[PDB]
């Protein structure tokens, strides 16, 4: 559209508000509307990739970029005792938004199994 037709596309295009933490030419990081920990944000690419199973070999750097941006935002938000990054794929993974996104949660002890 550009950005995609999900709500994430609307956020990228600034059509609906979000608490934006950081943004560059490739991605955007913003807080989750339903935090599962004291700090819970998402890092999403500006390029619409619907699922991680649909990402191409060429999307490799982009995907790695979401993680580098995720670690920089986490440190800047003070998650110095650690955090957990999560990517959900499909029904079994619990994915609800069909635009690839990385979850970053911290501020409390994360338990195991990870769901």
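Residue numbers count along the first chain shown, from 1.
Highest mean C-alpha temperature factor of the two stretches 22-30 and 75-83, which is it?
75-83 has the higher mean C-alpha B-factor.
Can you tell me whether 84-92 has a higher mean C-alpha B factor than 49-57 in this record, or the other way round?
In the deposited entry, the stretch with the higher C-alpha B-factor mean is 49-57.
Peak C-alpha temperature factor (PDB record), options 105, 102, 12, 97
The listed residue with the largest C-alpha B-factor is 12.
Thinking about Cα B factors across the chain, which third does residue 64 belong to?
Answer is lowest: the recorded C-alpha B-factor places it there.
Would you please rank residue 35 by its C-alpha temperature factor against the other modelled residues of its chain and give the third it falls in: lowest, middle or highest?
Ranked within chain, residue 35 CA B lands in the highest tercile.
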